[PDB]
2 protein chains.
Amino acid sequence: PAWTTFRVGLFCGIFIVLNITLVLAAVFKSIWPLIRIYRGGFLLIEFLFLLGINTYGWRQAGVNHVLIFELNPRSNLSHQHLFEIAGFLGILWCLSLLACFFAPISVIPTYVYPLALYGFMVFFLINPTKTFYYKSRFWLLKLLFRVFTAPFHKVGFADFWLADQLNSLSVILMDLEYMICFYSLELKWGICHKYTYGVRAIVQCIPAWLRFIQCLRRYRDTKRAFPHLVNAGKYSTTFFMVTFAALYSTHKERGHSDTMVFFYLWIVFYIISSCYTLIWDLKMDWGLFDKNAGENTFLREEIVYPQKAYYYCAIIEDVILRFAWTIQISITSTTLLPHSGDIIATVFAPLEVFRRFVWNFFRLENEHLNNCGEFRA
Amino acid sequence: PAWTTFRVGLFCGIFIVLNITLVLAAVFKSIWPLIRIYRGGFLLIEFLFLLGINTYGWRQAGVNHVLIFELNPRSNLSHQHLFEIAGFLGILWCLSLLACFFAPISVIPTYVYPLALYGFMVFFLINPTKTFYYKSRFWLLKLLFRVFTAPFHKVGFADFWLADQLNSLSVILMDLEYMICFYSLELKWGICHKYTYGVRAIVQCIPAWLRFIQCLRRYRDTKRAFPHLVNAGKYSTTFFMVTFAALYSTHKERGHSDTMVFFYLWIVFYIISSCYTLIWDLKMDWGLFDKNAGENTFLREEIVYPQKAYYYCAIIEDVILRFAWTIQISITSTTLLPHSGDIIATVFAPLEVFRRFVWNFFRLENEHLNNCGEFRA
């Protein structure tokens, strides 16, 4: 419409100048348990902005995300609605961060602002009224329920898609668990940030678990090995690499002798998982490297996005950014580098969400083009 | 369009949060020669916002401002374009004011920011390129030239309209002259703010002079006394009241004995000018109080704006806000109250621009409805 574009603009403007205020206040006016609680909100808001850009790219390149997602052909969500809700959550996040930097009210402590921000973010998603995108949030909530109880539902495309998006937003779950940990060891006036009791691995791999059991259930319904089992083979390796990094870290802590062979085995599993996910992305999730492309030498038969430079840069971008996701996951799950941890993670998490954005535009393209995931017909 | 609504939103958002920053910095972080240089920019930006609201009210109530203004039926300026240019100038004003409150750069003094702000505001209006509303600004500049050389041009409707708008934005000219005065008596490391040599009266009445000589020239072309001479009678009294307030102030300063009779004569001329402008507004500039209105008892035959409550509140609003304009002009022209001056003016200038906004919507309505100013046919 027009009021929606106006609100997109208003929210984007307030957001950009609030970010300027934020940078200036950070330069002038143990910070780690503070930038370890706001990283979740930051990644989520960046993901919603980039999902808006994804919806625009789909709607304009030609691919239809309304038939694929089993969405309703009327009452849709164009990119402006995602931009507006992302900008709203971003304004809320910026305000909470600024109230944490300054201290507007003296009687209220500084630990209530992350609590209040996430309370608002959760209340906006379970608002029982008929307001603030009632149908949209009540679709997303049913989808979240059908995802987090994976083996008991037939896997549509929204299920598989959100499972993978969560497979990229693992830092948000890690930060939720870390904040739940923190607000038991805070001081209303340091067991967390380390593997308390294997919890930093269970919460680290729970999206891999969701997607792995979803693929297994798709196999059970289809009784077709390929690809519902070769695809479980790309999500099981996350379990292996995470648990082996954690075991190697604990053995280095205790000073055992097999720490060297554990490091060798972990680097083997890490490189195997990186190569697995990379070849999968470049072969089945994207359909590239096809045997039938004359002038599209390393692409499909027909392409949807105009400039082949897009594909040619996205390939190498994914090749570089897939080795960063596995490294970030391993480092976050291993308490080995006290200083490089939570800064390499803070630098490699937005890059991971960006990689997931690119993967979204060339997975949905390949889907609409070739019925890669056998979901219809 | 849609990008225009987006930019309107972006500028309005940056503007609202910059105003929040401004209020907070003013509360926490001789200020008078600083809020006496930014009042011009503030009144101008408020006037452009309210002119946007005026254009919307015209375009939606039914009255056409494209035939009246002799504007081009294609390539118009809807209210969004005025909102966007007003928001842009408002962002620039807020940034200059904030750079004055803080001191981002130490080597640059604090007196260059008003200079730079007004340099930008003037360069945006004389930009010789084909960018940033080239046709709009090149119409406005030709109109400003035809206004400020009044007796040598046939008075259209844009001429008479801008002459009156300037007759309401006298504080902007006063502040321009005051800043020109100041930057000769500043210290790059107090004759101003008072009638230097009758200059605070010449600059105070120069819009009244523009409009008075325009009315005289319309009389010369039409040879019709009414109303081109009874209308000069409502702009001549500004000369009288201003010069008599200034003379009474100077005689109180020198301690002469006729200061009491000068005060009596000034209050007589002030009340006569207030009543003159009020009856004129309510009778000819608005067409209200007509002899033919059954159910519209104190209105016209036919009305354009839906709710008669609008007219009924605007009448009393103008009755109250016309006695404030004359008081503000007299006080600004008389150095009698050192403290109440420049605060009563700062409080009564935005109210005056608001009164001019209301007058614009019921003058243009009456114009399109009844051909009040004999400008066409």
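Residues numbered from 1 in each chain as written, not as in the entry; some residues may be left out. Chains lettered and ligands numbered in written order. Heavy atoms only, no water.

Judging from the entry metadata, cryo-EM is the method by which this structure was determined, and 3.29 Å is the reported resolution.

A. View of the relation of the copies chain A and chain B. Of the transformation placing chain A onto chain B, the axial shift is 0.0 Å and the rotation is 180 degrees, giving an RMSD of 0.0 Å. These values place the two chain copies in the arrangement generated by a two-fold rotation axis. (Least-squares fit on C-alpha atoms.)

B. Representation of the domain arrangement of chain A within the structure. Residue and element names in this part refer to chain A. By the assigned domains, chain A splits into domain 1 (1-148) and domain 2 (151-366). Of note, the centres of domain 1 and domain 2, computed from C-alpha atoms alone, are 23 Å apart. Contacts between domain 1 and domain 2 engage 35 residues on the former and 39 residues on the latter. Summed over both partners, the interface of domain 1 with domain 2 comes to about 3,800 Å²; 73% of that surface belongs to carbon and sulfur atoms. A per-residue breakdown of the area domain 1 buries against domain 2 is headed by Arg 36, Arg 39 and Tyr 111, which together make up 18% of the total. The interface formed by domain 1 and domain 2 includes four salt bridges. Taken together, domain 1 and domain 2 are joined by eight residue pairs in polar contact. (Domains from an automatic or database assignment. Contact = heavy atoms within 4.5 Å. Buried area = accessible area lost by both parts, 1.4 Å probe. Salt bridge = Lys/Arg side-chain N within 4 Å of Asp/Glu carboxyl O. Polar contact = N/O pair within 3.5 Å; in protein donor to acceptor, adjacent residues only side chain to side chain.)

C. How the structure looks around the nonpolar core. One finds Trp58(A) and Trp58(B) to be the most contacted residues of the largest nonpolar core, which totals 156 residues. Each of two domains, domain 1 (1-148) and domain 2 (151-366) of chain A, supplies a minimum of three residues to this core. In this structure, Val242(B), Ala245(B), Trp325(B) and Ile329(B) belong to the second largest nonpolar core, which totals nine residues. (Core = buried A, V, L, I, M, F, W, Y, C linked by side-chain atoms within 4.5 Å. Buried < 20%, exposed > 50% of the residue type's maximum accessible area, 1.4 Å probe, protein only.)

D. Expanded view of the UniProt feature "binding site: phosphate" in chain A. Residues and elements named next belong to chain A. Sequence positions flagged by UniProt for "binding site: phosphate" are, in local numbering, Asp 164, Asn 167, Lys 234, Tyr 235, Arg 322, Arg 355 and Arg 356. If you trace the backbone, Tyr 235 turns up in helix α12 (residues 233-254). Contacts of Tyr 235, omitting those with residues within four sequence positions, involve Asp 164, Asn 167, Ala 208, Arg 211 and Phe 212. Side-chain polar atoms of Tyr 235 contact the side chain of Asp 164, separated by 2.9 Å. Take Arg 356: it is sitting in helix α15 (residues 344-370). Residue class for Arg 356 comes out buried when judged on its relative accessible area of 3%. (UniProt positions renumbered as here; feature names shortened; annotations may be inferred. Helix = DSSP H or I, 4+ residues; strand = E, 2+ residues; numbered from the N terminus.)

E. Just the state of the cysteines, in detail. Residue and element names in this part refer to chain A. Applying the stated criterion to the full structure yields two disulfides over all chains. Bridging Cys 181 to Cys 192, the disulfide has an S-S length of 2.0 Å. An S-S torsion of about -95 degrees defines the bridge between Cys 181 and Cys 192 as left-handed. Accessibility expressed as a relative area gives 13% for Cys 181, which makes it buried. Owing to a relative accessible area of 5%, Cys 192 belongs among the buried residues under this scheme. Here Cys 215 stays unpaired: no disulfide links it, and the sulfur of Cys 372, its closest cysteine neighbor, is 13 Å away. Taking relative accessible area as the criterion, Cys 215 reaches 2% and is therefore assigned buried. (Disulfide = S-S within 2.5 Å.)

F. Spotlight on the interface of chain A and chain B. Taken together, the contact pairs twelve residues of chain A with twelve residues of chain B. Around 880 Å² of area is buried between chain A and chain B when both sides are counted, 86% of it from carbon and sulfur atoms. Per-residue buried area on chain A facing chain B is highest for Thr5(A), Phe6(A) and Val17(A); these three make up 40% of the total on that side. At the surface where chain A touches chain B, the tally comes to zero salt bridges. Where chain A meets chain B, there are two residue pairs in polar contact.

G. Quick look at the UniProt feature "intramembrane region" in chain A. The UniProt record annotates "intramembrane region" at residues 132-149 of chain A. The span residues 132-149 of chain A is 83% helix and 0% strand, and its two end C-alpha atoms sit 26 Å from each other.

H. Expanded view of the packing of aromatic side chains. Evaluation of the coordinates by the stated rule reveals 74 aromatic pairs over all chains. Note on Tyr111(A) and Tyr183(A): the rings are 6.1 Å apart at their centroids and 85 degrees apart in plane angle, and the pair reads as edge-to-face. With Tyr111(A) in the loop between α5 (79-101) and α6 (112-123) and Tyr183(A) in the loop between α9 (170-182) and α10 (199-222), the pair connects residues that are 72 residues apart, well separated along the chain. For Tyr183(A), a relative accessible area of 22% puts it in the partly exposed group. Ring plane angle 75 degrees and centroid distance 6.4 Å describe the contact between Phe244(B) and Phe262(B), whose orientation is recorded as edge-to-face. (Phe/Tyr/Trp six-rings, centres within 6.5 Å; stacked < 30°, edge-to-face > 60°.)

I. Region of the structure containing unusual backbone geometry. Residue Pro227(A) is bonded to the preceding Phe226(A) through a cis peptide linkage, with omega at 0 degrees. Inspection of the secondary structure assignment puts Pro227(A) in helix α11 (residues 225-228). Located in the positive-phi region is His193(B), a residue other than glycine, with phi close to 65 degrees. With respect to the helices, strands and loops of the structure, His193(B) is situated in the loop between α9 (170-182) and α10 (199-222). Judged by relative accessible area, which is 36%, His193(B) ranks as partly exposed. Non-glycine residue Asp342(B) carries a positive phi angle of around 65 degrees. Inspection of the secondary structure assignment puts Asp342(B) in the loop between α14 (308-333) and α15 (344-370).

J. Main features of the side chain of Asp285(B). Locating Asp285(B) in the fold gives a position in helix α13 (residues 259-285). A polar atom in the side chain of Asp285(B) sits 2.9 Å from the side chain of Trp359(B).

K. Here's a closer look at the packing of α9(B) against α10(B). All names here are of chain B. Relative orientation of the contacting elements α9 and α10 amounts to 145 degrees, with a least axis distance of 9 Å. Seen along the crossing, α9 lies across α10 with a hand that is right-handed. In this structure, α9 uses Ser 170, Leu 173, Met 174 and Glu 177 to contact α10, whose residues at the interface are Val 199, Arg 200, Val 203, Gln 204, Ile 206 and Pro 207. Per-class residue counts for the contact of α9 with α10 are six nonpolar, two polar and two charged. (Axes fitted to C-alpha atoms, helices over the stretch in contact; angles between N-to-C directions. Left-handed = near helix turned anticlockwise from the far one by under 90°. Nonpolar A, V, L, I, M, F, W, Y, C, P; charged D, E, K, R; others polar.)

L. Fine view of α13(B). The end-to-end C-alpha separation of α13(B) is 36 Å, in line with the 39 Å expected for 27 residues at 1.5 Å each. Looking one or two places after α13(B), you find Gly287(B), whose phi comes out positive at around 70 degrees. (Expected span 1.5 Å × (residues − 1).)

M. Inspection of the environment of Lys234(B) at higher detail. Residues and elements named next belong to chain B. Looking at where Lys 234 falls in the secondary structure, it is placed in helix α12 (residues 233-254). C-alpha of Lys 234 to C-alpha of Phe 354: the two residues are 120 residues apart in sequence and 20 Å apart in space. Apart from residues no more than four positions distant in its own chain, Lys 234 is found in contact with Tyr 276, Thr 277 and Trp 280.

N. Structural detail: a nonpolar patch on the surface. Residue and element names in this part refer to chain A. A contiguous nonpolar surface patch, about 720 Å² in accessible area, is contributed by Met 260, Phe 263, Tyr 264, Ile 267, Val 268, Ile 271, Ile 272 and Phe 323. Counting residues per element, the nonpolar patch draws most heavily on helix α13 (residues 259-285), which supplies seven residues. Note that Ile 271 resides in helix α13. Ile 271 gets classed as partly exposed once you look at its relative accessible area, which sits at 39%. (Patch = residues over 30% accessible without salt bridge, like charges linked within 9 Å, V, L, I, M, F, W, Y side chains within 5 Å. Areas by Shrake-Rupley, 256 points an atom, 1.4 Å probe, with all protein chains shown as cover.)

O. Local environment of the pattern of salt bridges. All names here are of chain A. What the rule picks out here adds up to 32 salt bridges over all chains. Of the charged contacts, one joins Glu 84 and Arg 7 as a salt bridge, the two residues approaching to 4.0 Å between their closest N and O atoms. Residue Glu 84 is classed as buried on the basis of its relative accessible area, which comes to 7%. Of the charged contacts in the structure, one is a salt bridge between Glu 365 and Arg 300, with a shortest N-O distance of 2.5 Å. Of this pair, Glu 365 sits in helix α15 while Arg 300 sits in the loop between α13 and α14 (308-333), placing them 65 residues apart in sequence.

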